[PDB]
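Here's the letter readout for the chains.
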Amino acid sequence: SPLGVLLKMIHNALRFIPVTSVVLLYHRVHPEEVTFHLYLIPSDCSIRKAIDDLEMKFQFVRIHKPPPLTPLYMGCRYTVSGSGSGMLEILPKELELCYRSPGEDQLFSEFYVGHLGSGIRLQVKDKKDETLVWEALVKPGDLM
Amino acid sequence: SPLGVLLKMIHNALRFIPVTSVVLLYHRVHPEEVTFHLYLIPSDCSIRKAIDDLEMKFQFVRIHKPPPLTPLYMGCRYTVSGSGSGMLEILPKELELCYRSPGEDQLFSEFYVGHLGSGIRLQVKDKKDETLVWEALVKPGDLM
Amino acid sequence: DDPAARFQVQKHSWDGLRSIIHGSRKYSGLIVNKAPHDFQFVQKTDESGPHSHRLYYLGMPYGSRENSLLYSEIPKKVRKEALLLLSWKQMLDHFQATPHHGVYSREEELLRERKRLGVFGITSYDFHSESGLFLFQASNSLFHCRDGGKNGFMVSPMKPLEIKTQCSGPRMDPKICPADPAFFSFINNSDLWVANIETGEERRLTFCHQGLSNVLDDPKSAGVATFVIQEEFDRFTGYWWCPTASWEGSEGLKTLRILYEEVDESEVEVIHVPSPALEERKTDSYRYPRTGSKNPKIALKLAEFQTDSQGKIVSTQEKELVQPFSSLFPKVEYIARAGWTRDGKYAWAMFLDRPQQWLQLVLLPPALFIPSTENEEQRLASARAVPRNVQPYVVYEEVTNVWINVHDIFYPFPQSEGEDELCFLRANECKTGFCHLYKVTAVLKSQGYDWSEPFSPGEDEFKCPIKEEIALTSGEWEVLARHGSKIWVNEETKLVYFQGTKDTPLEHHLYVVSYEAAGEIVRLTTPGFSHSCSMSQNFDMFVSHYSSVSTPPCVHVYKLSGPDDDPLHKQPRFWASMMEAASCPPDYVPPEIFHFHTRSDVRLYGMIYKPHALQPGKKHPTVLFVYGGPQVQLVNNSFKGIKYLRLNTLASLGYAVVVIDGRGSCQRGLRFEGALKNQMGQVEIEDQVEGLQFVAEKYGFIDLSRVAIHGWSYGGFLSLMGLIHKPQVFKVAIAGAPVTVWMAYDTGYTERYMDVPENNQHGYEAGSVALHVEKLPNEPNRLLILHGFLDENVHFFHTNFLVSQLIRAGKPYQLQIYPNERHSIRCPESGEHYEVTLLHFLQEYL
Amino acid sequence: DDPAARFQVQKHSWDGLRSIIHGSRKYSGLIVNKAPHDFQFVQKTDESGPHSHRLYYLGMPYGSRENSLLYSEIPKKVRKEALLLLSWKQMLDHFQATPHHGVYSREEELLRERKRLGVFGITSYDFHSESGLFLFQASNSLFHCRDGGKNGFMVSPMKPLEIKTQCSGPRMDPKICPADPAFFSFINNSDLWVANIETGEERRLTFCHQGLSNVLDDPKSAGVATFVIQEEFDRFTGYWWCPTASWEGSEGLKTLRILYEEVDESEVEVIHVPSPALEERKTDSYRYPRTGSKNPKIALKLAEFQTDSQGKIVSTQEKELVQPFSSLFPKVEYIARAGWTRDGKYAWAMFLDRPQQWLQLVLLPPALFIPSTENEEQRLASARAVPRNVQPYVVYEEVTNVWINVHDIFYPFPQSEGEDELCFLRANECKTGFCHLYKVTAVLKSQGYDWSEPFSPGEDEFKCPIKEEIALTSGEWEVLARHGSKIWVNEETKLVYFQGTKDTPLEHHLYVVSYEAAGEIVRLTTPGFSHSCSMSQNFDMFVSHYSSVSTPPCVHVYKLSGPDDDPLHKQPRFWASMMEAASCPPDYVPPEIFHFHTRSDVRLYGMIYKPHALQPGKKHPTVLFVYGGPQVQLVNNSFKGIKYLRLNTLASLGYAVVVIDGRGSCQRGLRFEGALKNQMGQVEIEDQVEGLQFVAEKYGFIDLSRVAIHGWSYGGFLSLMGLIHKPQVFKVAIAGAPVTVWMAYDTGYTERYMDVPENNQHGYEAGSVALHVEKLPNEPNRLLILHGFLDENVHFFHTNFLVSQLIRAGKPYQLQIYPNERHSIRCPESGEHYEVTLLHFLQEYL
């Protein structure tokens, strides 16, 4: 027994949910029906151009989106909600930060909207206390 | 999962527990000193005559033995206190009322006081709640 | 709403609460009695003595603690209008039936956990009529005695003779051979042995247990009922003596067969559970079949042997079926029950499949079993030797859409009249929806089989067609089959005595009917009570241990009497009484039975304990005690004091105690029981909630704002489901021993009321409460989890995984462990702590 | 007294308490940094470039999460009066060293549990200066790289070369051979392997393990540190490379010895502990020796092998001592430490006694180890072949009446002057009561032994007489030896750099002294801080990772600089800074250190966290956080913000937090530590109560009626001892992971602080808190037991047995389980629940 202390919570996990906010909301518009992807994967910045040019090569178009107010963590699970979630088709409503390599492909969340109208409000809360961590809505004036 | 009702509480306490105090109080006037044997055995009626015959041919005497009002619950050891314990010798204190067949000598408490004088107090109580199970003082009047 | 009209429970100290539980204990000891049971009538056949019979039974006199074999003397003539209370004479002379402080073997304490035998002493005995042999197990060693066969009866008690052995270990499950009472048999080290009382000669018969290492490395047992069979199909023996003696005739020898179940539990998942000896910190391995995992590989086998007039087991022989069991009988997962026809012609067995919607009774004639040897040419040799005609007859085949409850009623008649075409009795719940007796006559039409080549059976391969299936009972009630009830078939008068719920669902009454025609169903018991009965083998007189919701249990001895030409209308007249009705304690108020109708307009029954010193106007905190699961009926007209005194203690502190049997609870038929099929955990709470709102409307002392839901096994699982899916009504939830993840629970239960996880993914995710932990309250002190640490039925993992998912979801709880108690809190000190913790938790946080 | 003059803590909701813990966590992501460690200085050897050295170290840069190998470039000159912050250049190119969600092997998780190393990534690395080889264990398999050996210093990050294997399982404990950097070695499946990086050639060397079954049946391991050694003697390796190469002289073959530890764990008791996979519901066997039980039977052994010029394992050879180890060295229960002399001549080993009072250092020359074969004639053959002169030399023999703390400082010198009489440095606490360095010269005079016959050595049979024992330091302070501190011996300038507490026990400072003459002790670190230091191998510059109670930890690089004629007065001048002090929280108050005297006038130190927003006059509730046990000092002049942030959270809610270094703690010498000898629990709590009395008198906000005592591991044990023996002062007691029965704990700790069960009987019953459960309070809500279920160190049994005895004594409690956490709460979710449970429990019941 040499001091089996609790050691608090290191939570060595910050400043990366901003740079995985920018990969969120991948939209594909060949007809006016639009489909969407979401990605949340930590610990590096060389993942960003690989996944960005990946969805560029696989025909998903960019938009700048709000970073989280406080960055999230890995080893833990988060929920995806909002006006477009539930009403329009979100099959992975559960997301989770877990590290995968810069080169390799990722878990997504497929989200169809169809004729989106003028806006789709979306949310990523945490599954711990459902604090409103992340906020957005997409704009057809920024669609391709 | 066939419903353990779990009422339990089967102490099954015997009305023999008053006359287990009667086995209690064996003393021997062989030397100048006087000493005692203490027995508390339920779950057989023959233990009375068995330990009676055994300890009178082992040269001991029977005393008054006031009975506990409560037939005592089985499965719990009972402690020994009083003016006797702590001044003059008592070799074990606590008594667990456990069964043995009447043909065997049981666990007993051995109690040496030397000269007797005005008497000295022995008490049997519970360790579970510290309520009075038994209480008396020895006689200088029930001797040879 | 009104704090001047909301009853406040007096906040007692912890020592105060102990003082209350002890005052319950003192009165409680008198209330509990451990009523006499396992009755055995023997006639006296004297016609000049005083006593007509001798009734033998188990009981504790109360002079001592452990229950022992006793007897009463039933006279030829009672003085009328003056009740005879029987003397309880002792067979044995006050010896210890169990060792000091209740130490057993680990397999004995496990068997007493499966049978739920809380009482100490001679728990079960075996009896042989003609020899008058009483073979029982006392203090981990077999004993025997004899009383009135070729010898005479007694008036003094004797010494129970011990059976000397060279075997090291306990000798479990002893049975006298009915064909030869000088021979008996037992299980030792999960292998079948056989002995002889007077000569002392013992003899092993099976060799499946090498005894080499741990049970992870020695997986074959023989004559042993496994876990899932012991704990969900209520079968505890796995071997059955042949009741008759056949003569193969070498020169004078006599065969004696035994049917047994060989079990090869190698491919079944092993789990470690902590041992009772906490100091050692070691576990015990347990071959525990998880839901979805594969069951033990079962098989039936004949262990025969041959003996002589001198009384020695000369020959012996293992036999096994001509094809392997799994191939000769596909879709057979569990052997529910087995035995023999009384003439000895066939060995019967109830098989049952993995969905548990397909049960079939089969007869296996002994010639179907060839000898067993590793030599494949001897095997082919006796495959040639078995006759072409002989055949297993799948006699009966129950198929259902809900689930098959194992009904152990099966009375094969002698079939020597009309020498084919077996006629038997059989309880059948799947046909009409309710467990009803039938007389069924099948036709044993053998087509001729070459047993040397291996064939694949078809779907109705050995299935004999039915000649006729006359229905002896019908209605909206059931014939009691499970939980060790039985029928009694007098073949001389041609009557079948059964138990049933025909008068009302809340009461078990003894009925009789003829199996020639369903003329009328004659009740042999007084209404307003519920009865557990037991007949003489001469069918002239019975015992009934009966009770009501108000009166404690009494045990009265009745005598069937009337003109012999009309046996169906024989009047049961009270002859004598054995154990008269005990004293209800002065603080004990018997509870009130009610009923109500749901929104589906089905009638649910319920109990309520009213708050003692009730004040009109005052609203009270309500403890919804709950089990709500199958094979258990909480609400019935029967004494709720010896097993539910805690509910009265709550009432005596001022808590309303409500008890509801919603849909799923048994003795109300299959369609009622089947409302939980593939949604178990989901519908019960609506029935419980509706029961609260009805009792709230009916009686005016139910405070909806302060509702506690307390449960222990499935009840604890429901209490947690209550707090999840009905949070606004249930204030707190004392969940004891809860089943938190269904995927972890064993096959026999779960695979029957839901099914395999590949089939019911939505039902498992919606029913496993530990996967729904996010909906538990954010408020603290609303959830108390109780669990026995050494549990083998609802393993500690369930509470552990719940606490795990509570941690991950960030939700508070409270928790109490009972480190030495398996599934029921057995030790009275630990039970007292459980009760003072329950009272304290309600006192403070409800 | 005055209920209007006592502070009532604001009762927050559960979600509120989570909001508070999360707001603490919002900057604990800032305050934890995992400051760099395991520094290796290498010169640039340029004399014209810009950078003088390259410092290699481990670190998490917070551009990434897992810690990684890094380096800094230390320049030749710096613009003075303007500080240089060293960049954290990443040595490797951003790969990850943990699998997904932290999944490791069970042996890796056990070893990390042992060192309590909570951070992820590359745990620790091994380095070889000359080749510039970095061999480390990252992710799935071993890796290596090089930087500036015969090759050059890279500027970009490189790729880590993987070490391929045909072996299965993890490759634990890897080390480079110093004599040949191409060769390395590791443990796999508890046997010693060796490989070569460039060719890939592997070779097993030991065959004490077979992998036939579980560890209950495969009991012999080799080259691995056992449980009690890992968790009480802080040795994590059981093999030591020979640092020099000898030449067998067959043709050209270079021999390479390895000293390893054979371990026969057959007789040591086995305990089952639940696996991390709760779903599987199985346990793991653990060879865990209780007090009085048999420890593993140990032995030292030489594993040699011979290689060609091209680097192929030509020959291999197991070797063993000429007589058995147990017979040559009686009373030797544990090998605390071992290694080799620098020249390679002798292999040294520190033995230790069963009672840990008879430590003795011994040298074992490699010729004492014959080859090991079953052929007893080859064995006798080489017993004659061993020379008469070679002999184990018991060089040093520490004997005490209290206990020997294992001091790993032992620096033998080259003995090139007068080639007998080994001169070494040795830390010796038992002599003066305090750990001080000494230079000791023992004369190695061999008497000559016949190793053919087996004899029993006497009491001090190999004990060499001491030539001289100059004491290089003396005083009432001690030299750090335990907890991975070390000395650095510059033999060129004849100085020895050590760490010590010469100023004060609250700080660790780097001191230097000459071993030529015990002269003047020069402090190199600034006072008013506490320092963890690490020198260059060239002794020209060091790092100090330092902190204070007020300032967070920084990591500064100092440079010894001055006239070389007097190197002892070389002034450490601040050269560059690596890591600066981080931003303290906005709502962090530094705690105040104090001291006081006992009634025996023994000086105890203590901490206090004052209540935030204190209003003078009011009395606040006080949480006495406690550890109190040996080998741990809670109070020192170091940053308490990272490990004791919850204490600040308590303060921020309004609780006074008191921390007292009771007697028996470390850093303060043997006489101080030894007041708990055979009386664990009986003196520490009295000192804690005394501290509370002192802080209550000094500061005016300590409510004595509202005192909580919270502790973990050993500390909880004291919290329960507090509630038993001082019940009127401690209102509540939050006992986390308590050691409730000493008789169940392991040998290494207990057999030292107390004695063997037969020896100190009253000490075990007085100290085993679970046997004094009757004195726990009758009141509820005064005792909260926390325990990690999967614990390997303080097993769940301890809490289980406590709860058992609480049940038997009828005493209430509360309990919280952490089903996934082993001994330290490691998962952040479980730690957040632990803290909100602690705040809630204090809020409601304190």
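- Per the PDB record, this model was obtained through cryo-EM at a reported resolution of 3.6 Å.

**Some details on the interface of chain C and chain B**
- Between chain C and chain B, the residue contacts involve 43 residues of the former and 25 residues of the latter.
- At the level of secondary structure, the elements contributing two or more residues to the side of chain C that touches chain B comprise helix 1 (14-31), helix 3 (227-232) and helix 13 (828-845) of chain C.
- Per-element tally for the side of chain C that touches chain B: the top contributor is helix 1 of chain C, with 8 residues.
- By residue class, the composition of the side of chain C that touches chain B is 15 nonpolar, 15 polar and 13 charged.

**Some details on the relation of the copies chain D and chain C**
- Rotating chain D by 180 degrees and moving it 0.1 Å along the rotation axis overlays it on chain C with an RMSD of 0.4 Å. Look at the turn and shift together and you get a two-fold axis relating the two. When C-alpha positions in chain D are compared against the rotation axis, the closest is assigned to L815 of chain D, at 2.8 Å.
- A high fraction, 98%, of the interface residues of chain D reappear at the interface in chain C, so the copies pair face to face through one surface.

**With respect to the pattern of salt bridges**
- One pass over the full model with this rule turns up 78 salt bridges over all chains.
- Ionic pairing is found between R114 of chain C and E792 of chain C, a salt bridge with its closest N-O pair at 2.7 Å. Of the two residues, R114 of chain C is situated in helix 2 (residues 106-114) and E792 of chain C in the loop between strand 44 (783-788) and helix 12 (796-809); the sequence distance between them amounts to 678 residues. In this structure, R114 of chain C and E792 of chain C share a single accessibility class: buried.
- Between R354 of chain D and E751 of chain D there is a salt bridge; the shortest N-O distance is 3.6 Å. Taken together, the residues span a long stretch of sequence, with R354 of chain D in the loop between strand 23 (347-352) and strand 24 (360-364) and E751 of chain D in helix 11 (residues 747-753) at a distance of 397 residues.
- Classification of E751 of chain D by relative accessible area gives buried; the value is 1%.

**Details of the sheet that holds strand 22 (residues 334-340) of chain D**
Residue and element names in this part refer to chain D.
- With antiparallel pairing, 4 strands are arranged side by side in an open sheet as 22-23-24-26. Two strands close off the open sheet at either side, each with one partner strand: strand 22 and strand 26 (393-397). Strand after strand, the sheet turns through a mean of 20 degrees between neighbouring axes, direction not considered.
- Pairing of strand 22 with strand 23, which is carried by 6 bridges, proceeds in the antiparallel orientation. Paired with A338 across the bridge in strand 23 is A349.

**Concerning the sheet that holds strand 5 (residues 125-128) of chain D**
Residue and element names in this part refer to chain D.
- In spatial order, the strands read 5-6-7-8; together these 4 strands make up an open sheet with antiparallel pairing. If you trace the sheet from one side to the other, it starts and ends with strand 5 and strand 8 (161-162), each paired once.
- Pairing geometry for strand 7 (residues 141-146) and strand 8, over 2 bridges, is antiparallel. When the sheet's bridge partners are listed, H144 is paired in strand 8 with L161.

**Notes on the pairing of strand 23 (residues 358-364) of chain C**
All names here are of chain C.
- When you tally the buried positions in strand 23, you get 7 out of 7 residues, the bulk of the element.
- Burial of strand 23 is two-sided: the residues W358, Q360, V362 and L364 facing one way and the residues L359, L361 and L363 facing the other way are all buried.
- Inspection of the sheet shows strand 22 (residues 347-352) paired to strand 23 by 6 bridges, in the antiparallel sense. Across the sheet, residue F351 finds its bridge partner in strand 23, namely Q360.
- In this structure, the hairpin formed by strand 22 and strand 23 is closed by a connection of 5 residues, where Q356 is found at a positive phi of approximately 60 degrees.
- Pairing between strand 23 and strand 25 (residues 393-399): 6 bridges, direction antiparallel. Bridging from a neighbouring strand, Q360 pairs with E397 of strand 25.

**Some remarks on the pairing of strand 22 of chain D**
- For strand 22 of chain D, the buried fraction is high: 7 of the 7 residues fall into the buried class.
- Taking the residues between adjacent antiparallel strands as the criterion, strand 22 of chain D and strand 23 of chain D are bridged by 6 residues, where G344 of chain D takes a positive phi near 95 degrees.

**A word on the interface of chain D and chain C**
- Between chain D and chain C, the contact holds 45 residues from the first and 46 residues from the second.
- Counting each side, the surface lost to burial between chain D and chain C is near 4,000 Å², with a carbon and sulfur contribution of 56%.
- A per-residue breakdown of the area chain D buries against chain C is headed by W14, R281 and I807 of chain D, which together make up 18% of the total.
- Viewed at the interface, chain C and chain D are joined by 0 salt bridges.
- Our count for the chain D to chain C interface comes out at 20 residue pairs in polar contact.

**Side note on the packing of aromatic side chains**
- Going through the model one piece at a time under the given rule, you end up with 122 aromatic pairs over all chains.
- A ring pair is formed by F183 of chain C and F305 of chain C, whose centres lie 5.9 Å apart and whose planes are at 65 degrees; its orientation type is edge-to-face. Taken together, the residues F183 of chain C in strand 10 (residues 183-188) and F305 of chain C in strand 19 (residues 297-307) connect sequence positions 122 residues apart. Each member of the pair, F183 of chain C together with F305 of chain C, is buried.
- With a centroid separation of 6.3 Å and an interplanar angle of 5 degrees, the aromatic rings of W477 of chain D and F498 of chain D are classed as stacked. Placement of the pair is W477 of chain D in the loop between strand 30 (466-471) and strand 31 (488-490) and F498 of chain D in strand 32 (residues 495-500), with a sequence separation of 21 residues.
- Owing to a relative accessible area of 7%, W477 of chain D belongs among the buried residues under this scheme.

**A few points about the environment of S719 of chain D**
Residues and elements named next belong to chain D.
- Structurally, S719 can be placed in helix 10 (residues 714-725).
- In this structure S719 comes out as buried when scored by relative accessible area, which is 0%.
- In sequence terms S719 and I20 are 699 residues apart; their C-alpha atoms lie 26 Å from each other.
- What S719 contacts, discounting residues up to four positions off in sequence, is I709, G711, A733, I734 and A735.
- At 2.4 Å, the side chain of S719 and the backbone oxygen of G716 are in polar contact.

**Section: the nonpolar core**
- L842 of chain C together with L842 of chain D are the most contacted members of the largest nonpolar core, which has 291 residues in total.
- For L842 of chain C, the contacting residues outside a window of four places in its chain are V623, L650, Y655, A708, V732 and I734 of chain C.

**Some details on helix 1 (residues 46-57) of chain A**
Residue and element names in this part refer to chain A.
- The first and last C-alpha atoms of helix 1 sit 17 Å apart over 12 residues, in line with the 16 Å expected at 1.5 Å per residue.
- Restricting attention to buried positions, one finds in helix 1 the residues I47, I51, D52, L54 and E55. Down the axis of helix 1, the sector holding all buried residues measures 160 degrees, keeping them to one side. Among the exposed residues of helix 1, those pointing more than 90 degrees away from its buried face are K49, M56 and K57.

Cut-offs used in this document
- Residues numbered from 1 in each chain as written, not as in the entry; some residues may be left out.
- Chains lettered and ligands numbered in written order.
- Part of a larger assembly, values for the part shown.
- Heavy atoms only, no water.
- Residues with missing side-chain atoms left out of burial classes, pairs and counts.
- Contact = heavy atoms within 4.5 Å.
- Helix = DSSP H or I, 4+ residues; strand = E, 2+ residues; numbered from the N terminus.
- Nonpolar A, V, L, I, M, F, W, Y, C, P; charged D, E, K, R; others polar.
- Least-squares fit on C-alpha atoms.
- Salt bridge = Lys/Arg side-chain N within 4 Å of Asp/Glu carboxyl O.
- Buried < 20%, exposed > 50% of the residue type's maximum accessible area, 1.4 Å probe, protein only.
- Pairing = 2+ DSSP bridges.
- Axes fitted to C-alpha atoms, helices over the stretch in contact; angles between N-to-C directions.
- Buried area = accessible area lost by both parts, 1.4 Å probe.
- Polar contact = N/O pair within 3.5 Å; in protein donor to acceptor, adjacent residues only side chain to side chain.
- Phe/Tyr/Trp six-rings, centres within 6.5 Å; stacked < 30°, edge-to-face > 60°.
- Core = buried A, V, L, I, M, F, W, Y, C linked by side-chain atoms within 4.5 Å.
- Expected span 1.5 Å × (residues − 1).
- Arc of directions from axis to C-beta.

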